[PDB]
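Protein chains in written order, with the authors' numbering: chain A, 3 to 29, 47 to 101; chain B, 1402 to 1498; chain C, 388 to 483; chain D, 290 to 337; chain E, 1305 to 1353; chain F, 627 to 1011; chain G, 194 to 241.
Notes follow once the structure below has been shown.
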Amino acid sequence: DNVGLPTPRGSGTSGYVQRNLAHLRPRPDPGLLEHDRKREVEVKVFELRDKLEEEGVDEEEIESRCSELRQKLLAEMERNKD
Amino acid sequence: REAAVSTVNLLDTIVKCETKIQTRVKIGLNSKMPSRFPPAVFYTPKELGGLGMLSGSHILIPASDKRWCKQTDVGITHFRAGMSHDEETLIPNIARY
Amino acid sequence: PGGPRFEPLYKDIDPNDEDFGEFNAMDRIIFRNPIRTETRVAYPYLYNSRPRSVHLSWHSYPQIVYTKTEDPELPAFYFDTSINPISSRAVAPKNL
Amino acid sequence: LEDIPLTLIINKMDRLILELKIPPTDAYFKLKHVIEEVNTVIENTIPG
Amino acid sequence: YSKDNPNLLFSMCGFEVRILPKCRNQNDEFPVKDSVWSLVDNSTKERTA
Amino acid sequence: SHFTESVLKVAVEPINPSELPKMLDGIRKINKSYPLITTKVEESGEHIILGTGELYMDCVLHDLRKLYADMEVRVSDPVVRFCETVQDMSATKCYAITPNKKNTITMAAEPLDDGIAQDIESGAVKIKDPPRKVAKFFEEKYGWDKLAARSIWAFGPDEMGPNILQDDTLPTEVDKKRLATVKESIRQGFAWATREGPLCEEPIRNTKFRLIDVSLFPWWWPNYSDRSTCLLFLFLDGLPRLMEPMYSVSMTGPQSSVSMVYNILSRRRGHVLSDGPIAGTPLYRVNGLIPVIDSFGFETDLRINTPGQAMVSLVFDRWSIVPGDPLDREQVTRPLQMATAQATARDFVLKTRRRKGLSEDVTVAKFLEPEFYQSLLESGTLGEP
Amino acid sequence: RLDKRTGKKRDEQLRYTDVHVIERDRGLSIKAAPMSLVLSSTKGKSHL
């Protein structure tokens, strides 16, 4: 509201400033599903690997079981894709 | 005309020049007292003895300069225009005419 | 608001003389609720580009919680009704 | 959080006598309230 | 007046004139006062500026 | 490790251009005397000073004008830092192609859940830690996938930033040794992309990235631009939003001051979280939130327009999503005017974007391969150019 | 030398570690302020 007349001394105005109160104020990808199924199969494989590691089983048998589980999960996904 | 009413610098110049003309009139009387020279001194038409000045400014006429008394056979009666009206009439703008 | 007015200390800066400069470009500013002149006075070095001969003022004081007693025969030390109470569940050490 | 040892200084005690003008029991309750507020914030920083 | 300067400026016989057409106007509301001139196209009799 | 952030931004320049050296020297002294200040030189050439509040920047500009530089410094209107985020899942798996057209990078963007970003910023999750500890933390707190938890590659823009780059590919389709050799530069491009960001090159927060199969990585890549270009387009098609800092308003003061706090906070896009009495005093405490860009002059207005005397404390609290859509082209704002409720984000993005020296449009085609851009135009996933 | 002080100036707080001109004019501290003092305990042992 700093508008007009730095001093009223020069003019014969006495510059009382007003607000001008008559102024108008403003008025799905199937690839994502395939990736989710692959992630679920990988999560199942990781859970099986963690269960094998918790039981103290050998690494080769755990790897073979994980490969068999991954193949079974892929076959199940291919069978139940429809 | 309408180009003149829309120029702020021109309106400021008109206000200052009208003030300078009235200041010349006041200096001719060795005074600059604002109460000594009401708007009736300048803007009364020449027929009533006034100066007959026209205004392009916006000048208030106070309610203090709105009273007149008359001595009739029953005594003194003070008449007043604008009974209980807190607004003041303004000097007309020439651009409106 | 309510204060005096003086002549301009520096009669130099005026936006009409300055042409279309890059720093104060009109639509590079992200206008919000408008800054008032009291905010310009309170923080003169942040809100003015040429704050020459400005004086930094006292920022704040601690709030005075003293209230003068209306009743003429109350003691000097009393729990006033305008003072919010302290409850037993307000203190409440939550873990001990 | 930075595991810096902390001590408490309750300041401006004269206010309890001269500004609030509350009786000494209520001044105790105000002090205990401020102390338990500090301890509440300390506990809320590290729970348990 | 060009692709990206929509105002026409001149001065004549005392009057400083800025012509703005009613085609390249960003102002959807018109603050038309007595000073502002509606320039009428005769072939359509339509206020175009 | 400071416990608040400098989210108030002021652009400065010299008034006399020939004294542009001296102010810079003074700016250096500012950076030596104020620990939480950050100084920057933009691409546009204006100088940027970032501090915490009105009083902080008032003191800093006093020290710059009167103590160190000893000149007259033109100072712009105060503005805020901005960040960006994404709202929902990725519409398309997006890929980057090298100029030799061998390496192809396929990636998706995700909004991170609430609690991860503040945990990375607080140091609860360390990238220097062994990945088993990080995986255990994510499993025990947010219940992620174990392969996903072990496949979290990096944090960005730095090792403390709230952006996560993570593998989600399969070993059956992508070999791992070439994956690592490209993954080094992938982390570098991730760091530079999340440091810049696509919208206004404001550093971007709270995003997760999943690597995707079919992405093939042949021999050698010394460049960084293509993966980050695709990654910015992944910000574009994940419905990005703008984010602004948020002060926490704290008042002590009487009841009329409380009512005035509701009034002014209602007028300044602010909320009142709580209100109550301070026990044992005639004072009342009001806690709330305000945007930093809407808090300019808030303390002065609240201290003046009140019968009693109100004290105000404004502390940086939050990063919050700006209301509105940043990519909505039809939302326009008049000059001299404040943006409306839904055009706020668009106005912020446009003016922050060309304050920093860019084009007026968020260039989709400049951040895409031509074949992928034409394919997405034909598929309808992108708007009309 | 504080008792050789007249007017409103003798009612001012000393504020020894506020030395910035901003600190003097704003009436608040803006900078950290170190001192090293010799203070005595209850038993009489001076510590630094």
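Beta carbons: idealized from backbone N, C-alpha and C, even for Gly.
Does DSSP classify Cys1327 (chain E) as helix, strand or coil? coil
Identity of the residues DSSP links to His1479 (chain B) by a beta bridge: B:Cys1470
Count the other CB atoms, across all protein chains shown, that sit within 10 Å of the CB of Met869 (chain F); report buried if there are 16 or more and exposed otherwise. buried
Would you mind telling me which residues of chain J sit closer than 8 Å to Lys772 (chain F), beta carbon to beta carbon, in chain order? In the structure shown, chain J does not exist; the protein chains are A, B, C, D, E, F and G.
Closest to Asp771 (chain F) by C-alpha separation, out of A:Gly50, A:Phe65, A:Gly17, would be which residue? A:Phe65
Which runs of the alpha helix (DSSP H) spanning at least 4 residues fall entirely within the stretch 909 to 935 of chain F, listed in chain order? 924 to 930
Would you report the Cα separation of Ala735 (chain F) and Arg867 (chain F), rounded to the nearest angstrom? 13 Å
Mind checking if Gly950 (chain F) is an interface residue toward chain D, Cβ cutoff 7 Å exclusive? no
Check whether the Cβ atoms of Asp973 (chain F) and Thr989 (chain F) lie closer than 7 Å to each other. no
Taking one C-beta from the stretch 894 to 906 of chain F and one from the stretch 306 to 321 of chain D each time, how about it: are there three or more such pairs within less than 8 Å? yes
Compare the C-beta of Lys310 (chain D) against all C-beta atoms of chain F and say whether one is closer than 7 Å. no
Identity of the residues DSSP links to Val941 (chain F) by a beta bridge: F:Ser874
If you drop the 5 nearest sequence neighbours on each side, which residues of the same chain put their C-beta closer than 7 Å to that of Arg813 (chain F)? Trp779, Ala780, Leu791
Taking the alpha-carbon of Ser885 (chain F) as reference, which of F:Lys803, F:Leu862, F:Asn913 has the nearest alpha-carbon? F:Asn913
Cα-Cα separation between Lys728 (chain F) and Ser1005 (chain F), rounded to whole angstroms: 24 Å
Could you work out which residue in A:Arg27, A:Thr9, A:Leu26 is closest to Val19 (chain A) when comparing CA atoms only? A:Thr9
Can you name, in chain order, every residue of its own chain whose Cβ lies under 8 Å from the Cβ of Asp303 (chain D), other than the five neighbours on each side? none
How many angstroms separate the CA atom of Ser229 (chain G) from the CA atom of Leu461 (chain C)? 48 Å
CB contact below 7 Å: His688 (chain F) versus chain G: yes
Continuous alpha helix (DSSP H) assignments of at least 4 residues falling wholly in the stretch 671 to 736 of chain F: 680 to 688
With distance defined between alpha-carbon atoms, name the residue in F:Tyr850, F:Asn726, F:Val840 nearest to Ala817 (chain F). F:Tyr850
Check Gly200 (chain G) in the structure and name its three-state DSSP category. helix
Within chain C, partners of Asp315 (chain D) - CB distance below 8 Å: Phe466, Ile473
What residue does the beta strand (DSSP E) around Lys666 (chain F) start on, and which one ends it? 664 to 667
Going along the chain, which residues of its own chain have a beta-carbon closer than 8 Å to the beta-carbon of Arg427 (chain C), five neighbours each way excluded? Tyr434, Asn435
Mind reading off the beta-carbon distance from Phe843 (chain F) to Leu805 (chain F)? Whole number of angstroms is fine, and I expect it under 8 Å. 6 Å
Three or more C-beta pairs below 8 Å linking the stretch 692 to 707 of chain F and the stretch 627 to 634 of chain F: yes
Across which residues does DSSP place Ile778 (chain F) in a beta bridge pair? F:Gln792
Compare the Cα-Cα distances from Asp696 (chain F) to each of F:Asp739, F:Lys767, F:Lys648 and report the closest residue. F:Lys648
So, under 8 Å CB-CB, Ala743 (chain F) and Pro783 (chain F) are touching, yes? Tell me the CB distance rounded to an integer number of Å. At roughly 13 Å, the Cβ-Cβ gap does not stay under 8 Å, so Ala743 (chain F) and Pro783 (chain F) are not in contact.
Backbone CA spacing between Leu899 (chain F) and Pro313 (chain D) [nearest angstrom]: 34 Å
Are at least three pairs of beta-carbons, each pair with one atom in the stretch 1452 to 1465 of chain B and one in the stretch 1409 to 1427 of chain B, less than 8 Å apart? yes
Taking all protein chains shown into account, decide if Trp1469 (chain B) is buried (16 or more other Cβ within 10 angstroms of its Cβ) or exposed. exposed
From what residue to what residue does the beta strand (DSSP E) around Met1316 (chain E) run? 1312 to 1316
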